[PDB]
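Remarks on the structure that follows.
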Amino acid sequence: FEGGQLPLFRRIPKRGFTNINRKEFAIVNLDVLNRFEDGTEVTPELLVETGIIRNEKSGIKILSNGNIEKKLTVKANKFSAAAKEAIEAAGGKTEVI
Amino acid sequence: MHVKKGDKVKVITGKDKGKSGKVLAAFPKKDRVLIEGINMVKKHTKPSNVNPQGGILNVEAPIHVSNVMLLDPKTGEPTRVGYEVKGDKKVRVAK
RNA sequence: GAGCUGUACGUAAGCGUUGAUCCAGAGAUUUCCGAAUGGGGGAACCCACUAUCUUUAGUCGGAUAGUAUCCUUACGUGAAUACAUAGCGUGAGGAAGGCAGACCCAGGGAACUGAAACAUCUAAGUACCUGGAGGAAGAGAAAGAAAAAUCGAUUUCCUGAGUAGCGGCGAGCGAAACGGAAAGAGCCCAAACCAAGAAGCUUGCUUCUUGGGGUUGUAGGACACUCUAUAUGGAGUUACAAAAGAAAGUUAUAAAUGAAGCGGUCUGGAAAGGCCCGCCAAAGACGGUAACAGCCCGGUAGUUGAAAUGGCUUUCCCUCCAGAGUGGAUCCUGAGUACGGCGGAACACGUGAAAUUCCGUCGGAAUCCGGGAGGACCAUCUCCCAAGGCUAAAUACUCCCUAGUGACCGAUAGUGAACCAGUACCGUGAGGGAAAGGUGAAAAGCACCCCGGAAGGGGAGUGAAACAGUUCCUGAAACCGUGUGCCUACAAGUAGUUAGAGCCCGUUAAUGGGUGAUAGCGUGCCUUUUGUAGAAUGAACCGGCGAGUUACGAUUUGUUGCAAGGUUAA
RNA sequence: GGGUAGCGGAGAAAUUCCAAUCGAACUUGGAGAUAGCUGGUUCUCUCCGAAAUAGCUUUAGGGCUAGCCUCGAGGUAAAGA
RNA sequence: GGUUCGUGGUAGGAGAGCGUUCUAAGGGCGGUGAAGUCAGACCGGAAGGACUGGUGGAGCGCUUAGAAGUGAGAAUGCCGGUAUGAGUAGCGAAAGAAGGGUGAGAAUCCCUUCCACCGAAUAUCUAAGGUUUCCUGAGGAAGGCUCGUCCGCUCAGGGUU
RNA sequence: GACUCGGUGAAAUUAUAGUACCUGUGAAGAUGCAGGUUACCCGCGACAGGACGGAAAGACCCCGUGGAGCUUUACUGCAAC
Ligand SMILES: [Mg+2]
Ligand SMILES: [Mg+2]
Ligand SMILES: [Mg+2]
Ligand SMILES: [Mg+2]
Ligand SMILES: [Mg+2]
Ligand SMILES: [Mg+2]
Ligand SMILES: [Mg+2]
Ligand SMILES: [Mg+2]
Ligand SMILES: [Mg+2]
Ligand SMILES: [Mg+2]
Ligand SMILES: [Mg+2]
Ligand SMILES: [Mg+2]
Ligand SMILES: [Mg+2]
Ligand SMILES: [Mg+2]
Ligand SMILES: [Mg+2]
Ligand SMILES: [Mg+2]
Ligand SMILES: [Mg+2]
Ligand SMILES: [Mg+2]
Ligand SMILES: [Mg+2]
Ligand SMILES: [Mg+2]
Ligand SMILES: [Mg+2]
Ligand SMILES: [Mg+2]
Ligand SMILES: [Mg+2]
Ligand SMILES: [Mg+2]
Ligand SMILES: [Mg+2]
Ligand SMILES: [Mg+2]
Ligand SMILES: [Mg+2]
Ligand SMILES: [Mg+2]
Ligand SMILES: [Mg+2]
Ligand SMILES: [Mg+2]
Ligand SMILES: [Mg+2]
Ligand SMILES: [Mg+2]
Ligand SMILES: [Mg+2]
Ligand SMILES: [Mg+2]
Ligand SMILES: [Mg+2]
Ligand SMILES: [Mg+2]
Ligand SMILES: [Mg+2]
Ligand SMILES: [Mg+2]
Ligand SMILES: [Mg+2]
Ligand SMILES: [Mg+2]
Ligand SMILES: [Mg+2]
Ligand SMILES: [Mg+2]
Ligand SMILES: [Mg+2]
Ligand SMILES: [Mg+2]
Ligand SMILES: [Mg+2]
Ligand SMILES: [Mg+2]
Ligand SMILES: [Mg+2]
């Protein structure tokens, strides 16, 4: 309350809407995939057991933050172009599920 | 109560400890007991119908039962009391 | 198992081991008023009638029983009106009223208040009224939730989430499903059709009654067909049908038994306390006892116990009972319903794009090739089958009972009420509503003497104490007095303070205490104010009581743990 | 002896009366209504220490943001005086 | 451990503390006298704390920590007590007097005589309303605006056909 | 009635008071502050100038986004017709 001066929130307009079908993904930056031992294929359920993601909202997306070292065969629901260009760069196969 | 009228008791607490006597009355509602020659008080009595001349009467005042132990008529000693069922009626026993 | 005839600080007559008083179960009696019910009535009163006894020579009296109203139902009688029917009478059942101001369901339903006004909105479907009531109620076995390519009745808790949303898009209001738990349980009808009646003329066909049958989704049933059961088994009064009983077990409602110190000394009125010795402990709970006790008492742990009544649990009796498969020719599967318009309401959802649910009014389907929902609507797909009913548990509350607990109160507190309190008192009434606890261990409650009419006192005596003396533990302050060390009748005083003779004292003994001639200085306290000694406010005084708290969220600092992890909720 | 009762009665009318209450009775409840107003708010010492202005406000004795106080922390060619 | 600069303060911020009730643990005091209460010339920078003696007659400190119904001088606060005003206002319409009696005590009770007042009432009935106030005996704490031997008051007994 | 005596015995009010006057001063009208001037201590009967005396949180006046009653061609409603 501003003692009768129109409150800030009423001076400025409402914006946008909420998408009913919004999809938020669980993020897994590369640096945390170094936790796995070379040759291993990395599925969602494996990322649960290791405790890197606890809840898998919509699905698992892989992003390119840091850098990877181990030739993994990663499979996640989505991939950053950069993440896909960095897993292969090392010598691994990305497949989408 | 562990003693009744007619019993010989020992007094174990108060100004008359070590003195024994014959329980003259029992007042179980108050857990009190009147012992012959024990807790003698001086009652300043106006003349009336009973005691018509009046006078300062030396008489017995009640003692709390917990202050008397039953005299085992066998050994003439104070005792705690048990209860044993002898055919018909239960009877007090000593220790 | 020895005392007893309630309290309460009396006299009298009595009772009790031939078992009292007392405790528990069952029974009997239970005036009058009160729904109050034979009629009436200003509650606790008045006055009857009908039987049947009873009293009197008869009136006059007495006793016992019946006699309200409505509803349902049977049987009788029975008008206008001919049969009827209404009406009337009698006999069965049932209701009525109360309340636990709680909890629950339903009808009806505010306002202050918030929105810094206010009307939509909020408060709030709250308070309150009325009805139904039950031990719980309500809800409930999908025309569901969804969108895995799946859940499987309802309820409650955690969570989702202060999200999605609603909203003069203001103030505010605010879900649900998924996920996790508690608890779990499922069932009976209506209808096809079958059988047996009655009632009807539809006149051999329809409409009602009772029984069998039958209950569900690309289906189930009827109906045909076949296979086994016709109590072999199964189930049950908590739904699923409904009354009944027995027995044994257990629990409750009275109780019983129950170890060990009169230990020695000290102080003391008294020892349970000190000091010094022992002992019991499945018992060192609590209380009492002349101060603080495991060993003094009632008890406590442990172990026994019930004639009677009730509850619960088993078991028996008793009662009750058909289930599979195969075919979709035909038949059935809840109608003034579902839906729709109009007006409202409930849904978190304020008419909105408004699905879903309910009410009033009007209109009004399909009806297995059928129907509903998935948030306008259409199509597809998916899930479901309404318009009938029942159903325990997990949940809510506490007038009560039993056993307990408290970093809850301790007499201005804690209940309004520790005390004969919803009393006294106030009020026409509804209604409002106090104050008031403590002798002592024991009455041993002050014989006797003295002054006094008494009250009251002084002695004497009791007691540890009476300066504990029947409103009696302690006994502060205000306030009222008596006595006297210092000062005071030439003084102008917010009362003190600093300086200070004189006089009187002598302490927690230290550059002490009381008083204060005289001198200097000096405008209470609080509140509120630019500013108050204020001729502004508040307080007669003293005492008690009397105001930033808790819950749940937010944020930030500090601490601690763990750390790209941390943490669980119910 | 009776009748009319508060969103109401009664009134040869005054806002007059309805139990010493009446421009809307009394009582209990909603209810601890609300009160930007007044009053009040209880122990001690230490360190610091304002403001009584601006803007906007159905605002003017209220409020909000800023200014001025305080506590902590940070960086900081010290930028302040 | 020392130098330097500081130390007036309302609203207000910050800090450290005193004391109260309760709990825990530890350690104590106390019938050879606990708490409370009274007194004092003691101790600490403050809140405050001791010690000694009286009263009192059974409980209470201390330490560390914890928790709060945690501190009053003001609210025309609430309740209780007690002042002040003050021996003051008042003692509620009115005619009494003496003698005798009663009694511990008499202006105030009883009796006598005289006097005075009401008399369309201040008389006599009765209804309402009250509900024992009526009668007798005893009483004089309180009530009665004084007093009190008296009473519509207190206590017993009675009394309504 | 007052007053004196005997009996009985309230109240409003009240920060504590050893409570003069004048002129000044001060929140602008002082018993209480300053400078002076007066004044032995304690009462009783009287009188009301002052204590901005007592009584009543001013009725006037303003303020409050306080009420209430009343009006209407204020707004929005509702009964009734
Ligand atoms: Mg928009
Ligand atoms: Mg009757
Ligand atoms: Mg407002
Ligand atoms: Mg024993
Ligand atoms: Mg001794
Ligand atoms: Mg004692
Ligand atoms: Mg004791
Ligand atoms: Mg529909
Ligand atoms: Mg509609
Ligand atoms: Mg709504
Ligand atoms: Mg639809
Ligand atoms: Mg409709
Ligand atoms: Mg849709
Ligand atoms: Mg939606
Ligand atoms: Mg169906
Ligand atoms: Mg009380
Ligand atoms: Mg007390
Ligand atoms: Mg006393
Ligand atoms: Mg002179
Ligand atoms: Mg002199
Ligand atoms: Mg003055
Ligand atoms: Mg005043
Ligand atoms: Mg915080
Ligand atoms: Mg007028
Ligand atoms: Mg009146
Ligand atoms: Mg309210
Ligand atoms: Mg209030
Ligand atoms: Mg400073
Ligand atoms: Mg504006
Ligand atoms: Mg200085
Ligand atoms: Mg300072
Ligand atoms: Mg104490
Ligand atoms: Mg307090
Ligand atoms: Mg006070
Ligand atoms: Mg006077
Ligand atoms: Mg006078
Ligand atoms: Mg006079
Ligand atoms: Mg008179
Ligand atoms: Mg005349
Ligand atoms: Mg008389
Ligand atoms: Mg008198
Ligand atoms: Mg008399
Ligand atoms: Mg006089
Ligand atoms: Mg002067
Ligand atoms: Mg005068
Ligand atoms: Mg005045
Ligand atoms: Mg005023």
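Identifiers for the structure tokens are assigned positionally: chains receive A, B, ... in sequence, residues are indexed from 1 per chain, and ligands are indexed from 1 in the order shown.
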Next item on the list: Step by step, measure atom-to-atom distances between ligand 33 and each residue using only C-alpha atoms (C1' of nucleotides) and all ligand atoms, keep those at most 9 Å, then write them as a list in words.
Entry: residues 546 and 547 of chain C; 42 of chain D; 69, 70 and 71 of chain E
Note to self: Env of stretch 266-273 of chain C: 10 Å cut, atoms = only C-alpha atoms (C1' of nucleotides), seq-sep filter 5 positions within chain, self excluded. Answer as a PyMOL selection string.
What the structure shows: (chain B and resi 13-15) or (chain C and resi 289-293+296+441+463-465) or (chain E and resi 31-32)
Next item on the list: Please identify every residue of chain C that has at least one atom no more than 12 Å from any atom of chain A, counting only C-alpha atoms (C1' of nucleotides), and report them as a VMD selection string.
Entry: chain C and resid 116 to 117 163 to 165 169 to 171 179 564 to 565
Go ahead and save the picked residues with C-alpha atoms (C1' of nucleotides), as a PDB file, in the first residue's frame.
```
ATOM      1  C1'   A C 116      -7.912   2.247   4.045  1.00  0.00           C
ATOM      2  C1'   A C 117     -15.046   5.573   1.304  1.00  0.00           C
ATOM      3  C1'   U C 163       0.443 -23.587  -8.030  1.00  0.00           C
ATOM      4  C1'   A C 164      -3.714 -23.751 -11.939  1.00  0.00           C
ATOM      5  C1'   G C 165      -7.310 -20.575 -11.702  1.00  0.00           C
ATOM      6  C1'   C C 169      -8.143  -9.002 -12.452  1.00  0.00           C
ATOM      7  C1'   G C 170      -9.171  -4.670  -6.515  1.00  0.00           C
ATOM      8  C1'   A C 171      -9.355  -6.445  -1.371  1.00  0.00           C
ATOM      9  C1'   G C 179       2.418 -39.477  -6.097  1.00  0.00           C
ATOM     10  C1'   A C 564      26.553 -30.177  -5.616  1.00  0.00           C
ATOM     11  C1'   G C 565      23.942 -31.690  -2.975  1.00  0.00           C
TER      12        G C 565
END
```
Checklist line | Surrounding residues as a PyMOL selection string, ligand 10, max 10 Å, only C-alpha atoms (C1' of nucleotides) and all ligand atoms | finding: chain C and resi 166+345-350
Notebook entry, point to check: Mind listing as a PyMOL selection string which residues of chain B are within 6 Å of chain C, counting only C-alpha atoms (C1' of nucleotides)?
Noted result: chain B and resi 12+14+41+44-45+55-56+66
Selected residues, C-alpha atoms, written as an mmCIF file, in the first residue's frame, please.
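Once everything was written out, this is part.cif:
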```cif
data_model
loop_
_atom_site.group_PDB
_atom_site.id
_atom_site.type_symbol
_atom_site.label_atom_id
_atom_site.label_comp_id
_atom_site.auth_asym_id
_atom_site.auth_seq_id
_atom_site.Cartn_x
_atom_site.Cartn_y
_atom_site.Cartn_z
ATOM 1 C CA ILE B 12 6.370 -46.546 69.441
ATOM 2 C CA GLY B 14 5.484 -39.613 70.955
ATOM 3 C CA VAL B 41 -4.692 -34.523 78.983
ATOM 4 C CA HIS B 44 -10.855 -27.888 82.293
ATOM 5 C CA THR B 45 -14.486 -28.999 82.876
ATOM 6 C CA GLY B 55 -12.792 -29.757 88.127
ATOM 7 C CA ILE B 56 -9.551 -30.154 86.061
ATOM 8 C CA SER B 66 0.338 -45.968 63.265
#
```
Check: Can you tell me which residues sit at most 7 Å away from ligand 15, counting only C-alpha atoms (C1' of nucleotides) and all ligand atoms, written as a VMD selection string?
Finding: chain C and resid 333 385 to 386
Next item on the list: Figure out the distance between atom 1 (Mg, counted along the ligand's line) of ligand 24 and atom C1' of residue D:12, please, to one decimal in Å.
Entry: 18.0 Å
Margin query: as JSON, numbers by chain, please: every protein or nucleic acid residue near ligand 37 (cut-off 10 Å, counting only C-alpha atoms (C1' of nucleotides) and all ligand atoms).
Written below: {"E": [88, 89, 90, 91], "F": [1, 2, 3]}
Please, could you write that set of residues out with N, CA and C atoms (P, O5', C5', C4', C3', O3' and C1' of nucleotides) as a PDB file, in the first residue's frame?
```pdb
ATOM      1  P     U E  88     -18.745  18.895  65.233  1.00  0.00           P
ATOM      2  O5'   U E  88     -19.184  19.587  63.859  1.00  0.00           O
ATOM      3  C5'   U E  88     -18.393  20.696  63.402  1.00  0.00           C
ATOM      4  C4'   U E  88     -18.399  20.709  61.900  1.00  0.00           C
ATOM      5  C3'   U E  88     -19.754  20.435  61.243  1.00  0.00           C
ATOM      6  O3'   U E  88     -20.474  21.658  61.101  1.00  0.00           O
ATOM      7  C1'   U E  88     -18.039  19.129  60.208  1.00  0.00           C
ATOM      8  P     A E  89     -22.061  21.612  61.363  1.00  0.00           P
ATOM      9  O5'   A E  89     -22.654  20.919  60.043  1.00  0.00           O
ATOM     10  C5'   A E  89     -22.754  21.708  58.843  1.00  0.00           C
ATOM     11  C4'   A E  89     -23.339  20.857  57.747  1.00  0.00           C
ATOM     12  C3'   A E  89     -24.712  20.251  58.026  1.00  0.00           C
ATOM     13  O3'   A E  89     -25.732  21.190  57.745  1.00  0.00           O
ATOM     14  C1'   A E  89     -23.297  18.598  57.130  1.00  0.00           C
ATOM     15  P     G E  90     -26.936  21.189  58.808  1.00  0.00           P
ATOM     16  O5'   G E  90     -27.434  19.666  58.763  1.00  0.00           O
ATOM     17  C5'   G E  90     -28.159  19.228  57.601  1.00  0.00           C
ATOM     18  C4'   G E  90     -28.357  17.735  57.680  1.00  0.00           C
ATOM     19  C3'   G E  90     -29.208  17.217  58.842  1.00  0.00           C
ATOM     20  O3'   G E  90     -30.591  17.325  58.506  1.00  0.00           O
ATOM     21  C1'   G E  90     -27.249  15.911  58.649  1.00  0.00           C
ATOM     22  P     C E  91     -31.601  17.524  59.741  1.00  0.00           P
ATOM     23  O5'   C E  91     -31.473  16.108  60.470  1.00  0.00           O
ATOM     24  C5'   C E  91     -32.089  14.965  59.884  1.00  0.00           C
ATOM     25  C4'   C E  91     -31.930  13.828  60.860  1.00  0.00           C
ATOM     26  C3'   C E  91     -32.555  14.039  62.248  1.00  0.00           C
ATOM     27  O3'   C E  91     -33.894  13.553  62.364  1.00  0.00           O
ATOM     28  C1'   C E  91     -30.293  13.317  62.468  1.00  0.00           C
TER      29        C E  91
ATOM     30  P     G F   1     -34.358  24.141  65.181  1.00  0.00           P
ATOM     31  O5'   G F   1     -33.394  24.740  64.050  1.00  0.00           O
ATOM     32  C5'   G F   1     -32.645  23.795  63.282  1.00  0.00           C
ATOM     33  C4'   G F   1     -31.934  24.495  62.161  1.00  0.00           C
ATOM     34  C3'   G F   1     -30.554  25.079  62.480  1.00  0.00           C
ATOM     35  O3'   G F   1     -29.614  24.013  62.642  1.00  0.00           O
ATOM     36  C1'   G F   1     -31.788  26.577  61.144  1.00  0.00           C
ATOM     37  P     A F   2     -28.605  24.081  63.898  1.00  0.00           P
ATOM     38  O5'   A F   2     -27.642  25.304  63.496  1.00  0.00           O
ATOM     39  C5'   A F   2     -27.019  25.322  62.185  1.00  0.00           C
ATOM     40  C4'   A F   2     -26.504  26.712  61.898  1.00  0.00           C
ATOM     41  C3'   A F   2     -25.483  27.278  62.897  1.00  0.00           C
ATOM     42  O3'   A F   2     -24.127  26.983  62.530  1.00  0.00           O
ATOM     43  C1'   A F   2     -27.237  28.883  62.488  1.00  0.00           C
ATOM     44  P     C F   3     -23.284  26.086  63.571  1.00  0.00           P
ATOM     45  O5'   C F   3     -23.141  27.049  64.842  1.00  0.00           O
ATOM     46  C5'   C F   3     -22.349  28.247  64.736  1.00  0.00           C
ATOM     47  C4'   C F   3     -22.339  28.927  66.083  1.00  0.00           C
ATOM     48  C3'   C F   3     -22.051  28.011  67.274  1.00  0.00           C
ATOM     49  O3'   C F   3     -20.655  28.029  67.504  1.00  0.00           O
ATOM     50  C1'   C F   3     -24.016  29.285  67.695  1.00  0.00           C
TER      51        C F   3
END
```
Next item on the list: Residues up to 10 Å from ligand 8, counting only C-alpha atoms (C1' of nucleotides) and all ligand atoms: could you list those as a PyMOL selection string?
Entry: chain C and resi 338-339+355-356+372-373
